[PDB]
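Enquirer: Coordinates in target37.txt, compact mmCIF, C-alpha atoms, are listed below.
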```txt
# COMPACT_ATOMS: atom_id res chain seq x y z
CA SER N 5 67.66 141.21 206.22
CA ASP N 6 69.74 143.64 204.16
CA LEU N 7 73.00 142.10 202.97
CA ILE N 8 75.79 142.48 205.47
CA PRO N 9 78.39 144.35 203.39
CA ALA N 10 82.01 143.46 203.12
CA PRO N 11 84.10 145.69 205.37
CA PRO N 12 86.68 148.04 203.81
CA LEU N 13 89.90 146.06 203.42
CA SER N 14 91.57 148.67 205.76
CA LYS N 15 89.68 146.92 208.57
CA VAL N 16 91.19 143.53 207.72
CA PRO N 17 94.74 143.10 209.10
CA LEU N 18 97.41 141.35 207.02
CA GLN N 19 99.71 139.00 208.91
CA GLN N 20 103.12 140.67 208.85
CA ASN N 21 106.08 138.76 207.39
CA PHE N 22 103.91 136.00 205.97
CA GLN N 23 105.92 132.78 205.40
CA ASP N 24 104.40 130.64 202.64
CA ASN N 25 106.57 127.60 203.43
CA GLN N 26 105.44 127.66 207.12
CA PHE N 27 101.73 128.10 206.31
CA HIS N 28 101.86 124.94 204.11
CA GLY N 29 100.18 121.70 205.11
CA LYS N 30 96.91 120.69 206.72
CA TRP N 31 94.61 123.02 208.62
CA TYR N 32 91.31 122.09 210.26
CA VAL N 33 88.43 124.51 209.94
CA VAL N 34 87.72 125.00 213.64
CA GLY N 35 85.52 128.06 213.10
CA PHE N 36 83.72 129.70 210.20
CA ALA N 37 81.78 133.00 209.95
CA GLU N 38 80.11 134.26 206.79
CA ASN N 39 77.96 137.22 205.78
CA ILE N 40 74.93 134.95 205.15
CA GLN N 41 72.94 134.04 208.30
CA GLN N 42 73.71 130.49 209.52
CA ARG N 43 70.25 129.06 208.46
CA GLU N 44 68.49 128.92 211.90
CA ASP N 45 67.75 125.26 212.95
CA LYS N 46 70.51 123.68 210.88
CA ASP N 47 72.35 120.43 211.61
CA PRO N 48 75.78 121.39 213.10
CA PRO N 49 78.26 120.94 210.21
CA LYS N 50 81.01 118.35 210.33
CA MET N 51 84.55 119.73 210.37
CA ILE N 52 86.54 119.87 207.16
CA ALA N 53 90.28 119.99 206.60
CA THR N 54 91.99 122.32 204.14
CA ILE N 55 95.39 121.35 202.82
CA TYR N 56 97.66 124.14 201.54
CA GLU N 57 100.29 122.60 199.27
CA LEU N 58 102.95 125.12 198.28
CA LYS N 59 103.90 124.43 194.68
CA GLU N 60 107.14 125.16 192.93
CA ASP N 61 105.36 127.90 190.86
CA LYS N 62 104.67 129.65 194.25
CA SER N 63 100.88 129.05 194.15
CA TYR N 64 99.04 126.90 196.68
CA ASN N 65 97.01 123.94 195.67
CA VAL N 66 94.21 124.18 198.24
CA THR N 67 92.28 120.99 198.93
CA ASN N 68 89.13 120.92 201.03
CA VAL N 69 88.49 117.45 202.44
CA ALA N 70 85.01 116.66 203.81
CA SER N 71 82.76 113.83 204.92
CA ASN N 72 79.35 113.03 203.09
CA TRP N 73 77.39 109.53 203.41
CA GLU N 74 80.14 106.80 203.68
CA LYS N 75 82.36 108.88 201.41
CA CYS N 76 85.00 111.51 201.51
CA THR N 77 85.13 114.38 199.02
CA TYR N 78 88.20 116.35 197.95
CA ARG N 79 87.80 119.70 196.09
CA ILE N 80 90.83 121.56 194.77
CA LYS N 81 91.40 125.21 193.91
CA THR N 82 94.47 127.36 193.42
CA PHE N 83 95.54 130.41 195.43
CA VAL N 84 97.91 132.60 193.42
CA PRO N 85 100.08 135.11 195.37
CA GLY N 86 98.69 138.62 195.26
CA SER N 87 100.34 141.99 195.65
CA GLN N 88 101.55 141.48 199.27
CA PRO N 89 102.74 138.28 201.01
CA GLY N 90 99.75 136.58 202.62
CA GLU N 91 97.31 137.78 199.95
CA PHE N 92 96.01 135.59 197.13
CA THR N 93 93.72 135.55 194.14
CA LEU N 94 91.84 132.53 192.78
CA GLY N 95 93.66 130.76 189.93
CA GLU N 96 90.35 129.50 188.54
CA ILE N 97 88.58 132.89 188.60
CA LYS N 98 88.12 132.97 184.79
CA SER N 99 86.12 129.69 184.91
CA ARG N 100 83.82 130.48 187.84
CA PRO N 101 80.30 131.45 186.61
CA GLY N 102 79.25 134.88 187.84
CA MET N 103 82.53 135.58 189.67
CA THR N 104 84.26 138.92 189.15
CA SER N 105 86.57 139.12 192.23
CA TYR N 106 88.20 136.77 194.77
CA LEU N 107 90.64 137.82 197.51
CA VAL N 108 92.29 135.88 200.32
CA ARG N 109 94.03 137.70 203.16
CA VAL N 110 95.80 135.84 205.95
CA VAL N 111 94.89 137.97 209.02
CA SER N 112 96.88 136.26 211.76
CA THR N 113 98.82 133.03 212.24
CA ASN N 114 101.55 131.45 214.34
CA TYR N 115 101.92 128.67 211.70
CA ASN N 116 102.12 125.76 214.21
CA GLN N 117 98.74 126.17 215.98
CA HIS N 118 96.23 128.65 214.54
CA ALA N 119 95.36 131.01 211.74
CA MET N 120 92.58 133.38 210.83
CA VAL N 121 91.97 134.02 207.12
CA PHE N 122 89.62 136.50 205.45
CA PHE N 123 87.94 135.78 202.10
CA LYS N 124 85.98 138.16 199.90
CA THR N 125 84.32 137.33 196.56
CA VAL N 126 82.03 139.21 194.25
CA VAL N 127 79.71 136.61 192.74
CA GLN N 128 76.47 137.33 190.83
CA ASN N 129 77.32 141.01 191.33
CA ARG N 130 77.12 140.88 195.14
CA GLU N 131 79.63 140.90 197.95
CA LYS N 132 80.27 137.68 199.87
CA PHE N 133 82.83 137.39 202.66
CA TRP N 134 83.83 134.96 205.31
CA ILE N 135 86.47 134.35 207.97
CA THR N 136 87.95 131.00 208.88
CA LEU N 137 89.62 129.98 212.13
CA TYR N 138 92.16 127.27 211.29
CA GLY N 139 93.82 124.87 213.71
CA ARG N 140 96.67 122.46 213.24
CA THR N 141 94.55 120.38 215.65
CA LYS N 142 90.78 119.81 215.56
CA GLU N 143 90.28 121.78 218.77
CA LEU N 144 91.62 125.14 219.83
CA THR N 145 91.62 127.11 223.09
CA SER N 146 88.71 129.20 224.32
CA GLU N 147 90.97 132.30 224.06
CA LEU N 148 91.55 131.70 220.32
CA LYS N 149 87.87 130.98 219.68
CA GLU N 150 86.83 134.10 221.57
CA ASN N 151 89.34 136.19 219.62
CA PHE N 152 87.80 134.81 216.41
CA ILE N 153 84.28 135.73 217.60
CA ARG N 154 85.44 139.26 218.49
CA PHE N 155 87.18 139.66 215.11
CA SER N 156 84.13 138.35 213.24
CA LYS N 157 81.88 140.84 215.08
CA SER N 158 84.44 143.62 214.34
CA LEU N 159 83.67 142.95 210.61
CA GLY N 160 79.92 143.20 211.22
CA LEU N 161 79.01 139.54 211.68
CA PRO N 162 76.37 138.66 214.29
CA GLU N 163 76.99 135.76 216.72
CA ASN N 164 74.44 133.59 214.84
CA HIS N 165 76.60 133.82 211.65
CA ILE N 166 79.54 132.22 213.53
CA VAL N 167 79.79 128.37 213.42
CA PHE N 168 82.12 125.94 215.20
CA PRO N 169 82.09 122.71 213.17
CA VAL N 170 82.15 119.33 214.87
CA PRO N 171 85.35 117.25 214.75
CA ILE N 172 84.95 113.88 213.02
CA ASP N 173 87.23 110.84 212.57
CA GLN N 174 86.39 110.20 208.90
CA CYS N 175 88.18 111.79 205.90
CA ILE N 176 89.90 114.73 207.53
CA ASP N 177 92.86 112.86 209.07
CA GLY N 178 94.02 111.51 205.65
```
Let's see the structure in the file written out as structure tokens.
Expert:
Amino acid sequence: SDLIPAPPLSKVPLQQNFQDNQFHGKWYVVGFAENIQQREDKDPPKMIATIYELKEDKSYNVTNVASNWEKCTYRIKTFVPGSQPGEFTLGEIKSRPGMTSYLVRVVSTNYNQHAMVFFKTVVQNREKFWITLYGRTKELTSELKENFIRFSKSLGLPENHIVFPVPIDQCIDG
């Protein structure tokens, strides 16, 4: 297909009154939707956790924790506060091959249960974007999942670009 373009940022809400010290800690990636088509017959992915550690310099250390064969992998990046609370840039942008832009926008959260976060990068001179549905728990309600589907579709993503990863016991509980 044609690339699904990133929506104008006007179409991506910013969570009002974002509180960095309440968004801290571990989130499970309960849902994921990206502008590349799932893959078609693919193995359902195992759930990852993402830990947001608020540092004293006001950035987050962001650690993705995942299972692979009899091992756990941790990958760290830095989110640096952007122009408005709840927006971030990538601290490592200047070392990422082919990357010219990276934006994080926290769309919605209640801090103690769920969040939705929008990501947009320009890599190899093309737009990539994705939305994550975070839970403080590995499972969320049908209402929250449905709201995530609706929001994903509102940004142009077809249903078959939306993935609900499978909870696992390894790695992601620390």
Enquirer: What gap, in Å, lies between CA of residue 84 (chain N) and CA of residue 142 (chain N)?
Expert: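 One can read the CA of residue 84 (chain N) to CA of residue 142 (chain N) distance as 26.5 Å.
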Enquirer: What gap, in Å, lies between CA of residue 132 (chain N) and CA of residue 99 (chain N)?
Expert: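 CA of residue 99 (chain N) lies at a distance of 17.9 Å from CA of residue 132 (chain N).
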Enquirer: Which distance in Å separates CA of residue 171 (chain N) and CA of residue 39 (chain N), to one decimal?
Expert: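 These two atoms are separated by 23.1 Å.
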Enquirer: I'd like to know which of N:124, N:79, N:15, N:100 is closest to residue 38 (chain N), using all atoms listed in the file.
Expert: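 Nearest candidate to residue 38 (chain N) out of N:124, N:79, N:15, N:100: N:124.
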Enquirer: So, counting only C-alpha atoms, which residue among N:30, N:81, N:59, N:50 is closest to residue 138 (chain N)?
Expert: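 Closest candidate: N:30.
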Enquirer: Can you list, as a ChimeraX atom specification, every protein, DNA or RNA residue that comes within 12 Å of residue 146 (chain N) when you count all atoms listed in the file, leaving out same-chain residues fewer than 5 positions away?
Expert: /N:34-35,151-153,168
Enquirer: Can you work out which one of N:48, N:139, N:12, N:95 has the shortest atom-to-atom distance to residue 169 (chain N), counting only C-alpha atoms?
Expert: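 Smallest distance to residue 169 (chain N) is found for N:48.
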Enquirer: Mind checking which residues fall within 12 Å of residue 86 (chain N), counting only C-alpha atoms, ignoring those fewer than 2 positions away in the same chain, and posting them as a CSV table (one decimal) with C-alpha atoms, in the frame of the given file?
Expert:
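Output below, filename around24.csv:
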```csv
chain,number,residue,atom,x,y,z
N,62,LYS,CA,104.7,129.6,194.2
N,63,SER,CA,100.9,129.0,194.2
N,64,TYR,CA,99.0,126.9,196.7
N,83,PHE,CA,95.5,130.4,195.4
N,84,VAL,CA,97.9,132.6,193.4
N,88,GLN,CA,101.6,141.5,199.3
N,89,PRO,CA,102.7,138.3,201.0
N,90,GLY,CA,99.8,136.6,202.6
N,91,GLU,CA,97.3,137.8,200.0
N,92,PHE,CA,96.0,135.6,197.1
N,93,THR,CA,93.7,135.6,194.1
N,94,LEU,CA,91.8,132.5,192.8
N,95,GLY,CA,93.7,130.8,189.9
N,106,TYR,CA,88.2,136.8,194.8
N,107,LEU,CA,90.6,137.8,197.5
N,108,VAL,CA,92.3,135.9,200.3
N,109,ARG,CA,94.0,137.7,203.2
N,110,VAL,CA,95.8,135.8,206.0
```
Enquirer: Just give me the residues with any atom within 12 Å of (76.4, 137.7, 194.0), file coordinates, counting all atoms listed in the file, written as a list in words.
Expert: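 Output of the proximity query reads residues 7, 9, 39, 40, 101, 102, 103, 104, 105, 106, 124, 125, 126, 127, 128, 129, 130, 131, 132 and 133 of chain N.
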Enquirer: Which residue, N:17, N:160, N:178, N:85, has the smallest gap to residue 37 (chain N) when you use all atoms listed in the file?
Expert: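 Among the listed residues, the smallest separation from residue 37 (chain N) belongs to N:160.
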Enquirer: Do a neighbour search on residue 175 (chain N) at 9 Å with only C-alpha atoms, toss out local chain neighbours closer than 5 positions, and write the hits as a ChimeraX atom specification.
Expert: /N:52-53,69-71,75-77
Enquirer: Restricted to C-alpha atoms, what would the selected residues look like written as a JSON list (two decimals), in the frame of the given file?
Expert:
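What follows is the written file again-v1.json:
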```
[["chain", "number", "residue", "atom", "x", "y", "z"],
["N", 52, "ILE", "CA", 86.54, 119.87, 207.16],
["N", 53, "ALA", "CA", 90.28, 119.99, 206.60],
["N", 69, "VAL", "CA", 88.49, 117.45, 202.44],
["N", 70, "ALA", "CA", 85.01, 116.66, 203.81],
["N", 71, "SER", "CA", 82.76, 113.83, 204.92],
["N", 75, "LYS", "CA", 82.36, 108.88, 201.41],
["N", 76, "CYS", "CA", 85.00, 111.51, 201.51],
["N", 77, "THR", "CA", 85.13, 114.38, 199.02]]
```
Enquirer: Give the answer as one residue: which of N:36, N:27, N:73, N:115 has the shortest atom-to-atom distance to residue 166 (chain N), using all atoms listed in the file?
Expert: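 Looking only at the distances to residue 166 (chain N), the closest residue turns out to be N:36.
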Enquirer: Env of residue 44 (chain N): 10 Å cut, atoms = only C-alpha atoms, seq-sep filter 3 positions within chain, self excluded. Answer as a PyMOL selection string.
Expert: chain N and resi 41+47+164-165
Enquirer: Have a look at N:112, N:158, N:72, N:42 and name the one nearest to residue 137 (chain N); count all atoms listed in the file.
Expert: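 Among the listed residues, the smallest separation from residue 137 (chain N) belongs to N:112.
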